[PDB]
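Structure first, then comments.
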Amino acid sequence: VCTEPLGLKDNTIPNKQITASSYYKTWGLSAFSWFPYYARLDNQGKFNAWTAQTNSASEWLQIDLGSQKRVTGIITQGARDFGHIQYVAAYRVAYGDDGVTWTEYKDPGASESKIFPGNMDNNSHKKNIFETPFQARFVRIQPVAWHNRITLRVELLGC
């Protein structure tokens, strides 16, 4: 039920609707920017993912679904960077309607926001189905733990 791709992999969701706290540039070159809108599931290529500019705990990847939608799950991947794999091992999920106010996701009846189990390599998919689904227009992925660098490729599930 529900559990459908919301538009990241198939590019249904436009680039302008995907932003982040910051992003990385290989060799400091603007052309080699690991843009937030590259964080699409199964994205192929050489700069095929979002990588934060810095590795801090306050980085985030924001997705503007364009409208209020039912969000039931999420899927993430890391990505390779030359001779190095990079991926987010753990993360939190926040959501809202206006993209300025956020609600940290948390399992039903629980203190402290949920820290989701993430990836363990560069291409394997990690899917998490929310115990309690929610409705929102904006969703943010907040990496908590990472391997080498904060790097993501995402797909949001719902209907």
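By order of appearance in the structure tokens: chains A, B, ..., then residues from 1 within every chain, and ligands from 1 in the order shown.
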I'd like the contact shell of range 108-113 of chain A - 9 Å cut-off, only C-alpha atoms, skipping same-chain residues fewer than 3 positions apart - returned as an mmCIF file with N, CA and C atoms, in the first residue's frame.
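Output saved as around.cif:
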```cif
data_model
loop_
_atom_site.group_PDB
_atom_site.id
_atom_site.type_symbol
_atom_site.label_atom_id
_atom_site.label_comp_id
_atom_site.auth_asym_id
_atom_site.auth_seq_id
_atom_site.Cartn_x
_atom_site.Cartn_y
_atom_site.Cartn_z
ATOM 1 N N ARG A 92 18.737 10.993 10.556
ATOM 2 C CA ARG A 92 17.431 11.357 11.107
ATOM 3 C C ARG A 92 16.625 11.871 9.921
ATOM 4 N N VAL A 93 15.307 11.883 10.075
ATOM 5 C CA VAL A 93 14.415 12.374 9.035
ATOM 6 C C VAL A 93 13.525 13.456 9.639
ATOM 7 N N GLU A 104 11.035 16.444 13.700
ATOM 8 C CA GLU A 104 11.971 15.330 13.649
ATOM 9 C C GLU A 104 11.164 14.051 13.766
ATOM 10 N N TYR A 105 11.352 13.134 12.827
ATOM 11 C CA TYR A 105 10.599 11.893 12.882
ATOM 12 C C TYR A 105 10.984 11.075 14.098
ATOM 13 N N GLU A 131 7.529 3.438 10.680
ATOM 14 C CA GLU A 131 6.559 2.751 11.515
ATOM 15 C C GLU A 131 5.256 3.542 11.425
ATOM 16 N N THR A 132 5.372 4.858 11.569
ATOM 17 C CA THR A 132 4.227 5.748 11.493
ATOM 18 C C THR A 132 4.429 6.709 10.334
#
```
Using only C-alpha atoms, determine which residues lie at most 10 Å from range 146-149 of chain A, disregarding the query and same-chain residues fewer than 2 positions distant; provide the list as a PDB file with C-alpha atoms, in the first residue's frame.
```pdb
ATOM      1  CA  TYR A  24      31.215  19.557  -2.233  1.00  0.00           C
ATOM      2  CA  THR A  51      28.206  15.231  -0.917  1.00  0.00           C
ATOM      3  CA  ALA A  52      28.184  17.901   1.789  1.00  0.00           C
ATOM      4  CA  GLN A  53      30.870  20.605   1.591  1.00  0.00           C
ATOM      5  CA  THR A  54      31.990  19.767   5.128  1.00  0.00           C
ATOM      6  CA  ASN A  55      31.453  16.733   7.361  1.00  0.00           C
ATOM      7  CA  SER A  56      29.512  18.174  10.276  1.00  0.00           C
ATOM      8  CA  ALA A  57      26.468  16.992  12.187  1.00  0.00           C
ATOM      9  CA  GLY A  78      26.381   6.149  -0.895  1.00  0.00           C
ATOM     10  CA  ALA A  79      28.612   6.646  -3.935  1.00  0.00           C
ATOM     11  CA  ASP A  81      34.631   9.055  -5.266  1.00  0.00           C
ATOM     12  CA  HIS A  84      37.066   5.912  -2.078  1.00  0.00           C
ATOM     13  CA  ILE A  85      33.599   4.848  -1.037  1.00  0.00           C
ATOM     14  CA  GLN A  86      31.470   7.394   0.837  1.00  0.00           C
ATOM     15  CA  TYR A  87      28.047   6.867   2.406  1.00  0.00           C
ATOM     16  CA  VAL A  88      25.851   7.910   5.297  1.00  0.00           C
ATOM     17  CA  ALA A  89      25.699   5.160   7.923  1.00  0.00           C
ATOM     18  CA  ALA A  90      23.012   6.715  10.112  1.00  0.00           C
ATOM     19  CA  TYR A  91      20.535   9.566   9.814  1.00  0.00           C
ATOM     20  CA  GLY A 118      21.673   3.717   6.781  1.00  0.00           C
ATOM     21  CA  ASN A 119      24.109   2.364   4.217  1.00  0.00           C
ATOM     22  CA  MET A 120      27.176   0.138   4.567  1.00  0.00           C
ATOM     23  CA  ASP A 121      28.691   0.589   1.108  1.00  0.00           C
ATOM     24  CA  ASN A 122      28.493   2.640  -2.085  1.00  0.00           C
ATOM     25  CA  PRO A 143      23.154  12.436   8.319  1.00  0.00           C
ATOM     26  CA  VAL A 144      24.293  11.397  11.794  1.00  0.00           C
ATOM     27  CA  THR A 151      27.315  11.303   0.473  1.00  0.00           C
ATOM     28  CA  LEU A 152      23.759  10.401  -0.566  1.00  0.00           C
TER      29      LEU A 152
END
```
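As for CA of residue 58 in chain A and CA of residue 4 in chain A, they are spaced 28.9 Å apart.
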Find the residue from A:17, A:33, A:124, A:44 that sits nearest to residue 140 in chain A; use only C-alpha atoms when measuring. A:17
According to DSSP computed on the backbone, where in chain A is there strand (DSSP E or B)? Give the residues as an NGL selection string. :A and (4-5 or 18-20 or 25 or 33 or 40 or 50-51 or 61-77 or 79-81 or 84-96 or 103-104 or 116-117 or 126-147 or 151-158)
Which residue gives the smallest distance to residue 75 in chain A among A:141, A:41, A:6, A:18, with only C-alpha atoms counted? A:41
Excluding residue 8 in chain A and residues on its chain fewer than 4 positions from it, collect all residues at most 7 Å away from it, counting only C-alpha atoms, and give them as a tab-separated table (two decimals) with N, CA, C and O atoms, in the first residue's frame.
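Result saved to part.tsv:
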```
chain	number	residue	atom	x	y	z
A	12	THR	N	11.12	12.99	-11.88
A	12	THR	CA	9.82	13.66	-11.87
A	12	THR	C	9.94	14.92	-11.00
A	12	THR	O	9.30	15.93	-11.28
A	13	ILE	N	10.74	14.84	-9.95
A	13	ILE	CA	10.96	15.98	-9.06
A	13	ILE	C	12.11	16.78	-9.66
A	13	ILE	O	13.22	16.27	-9.80
A	40	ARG	N	19.99	11.36	-6.47
A	40	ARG	CA	18.86	10.55	-6.92
A	40	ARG	C	19.26	9.08	-6.93
A	40	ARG	O	20.35	8.72	-7.36
A	41	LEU	N	18.36	8.24	-6.43
A	41	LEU	CA	18.62	6.82	-6.36
A	41	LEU	C	19.07	6.22	-7.70
A	41	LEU	O	18.47	6.48	-8.75
A	154	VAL	N	19.12	9.35	-3.00
A	154	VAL	CA	17.88	9.02	-2.32
A	154	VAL	C	16.65	8.79	-3.19
A	154	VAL	O	16.59	9.19	-4.34
A	155	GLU	N	15.68	8.11	-2.58
A	155	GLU	CA	14.38	7.87	-3.16
A	155	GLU	C	13.40	7.92	-1.99
A	155	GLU	O	13.66	7.34	-0.93
```
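As for CA of residue 71 in chain A and CA of residue 20 in chain A, they are spaced 19.5 Å apart.
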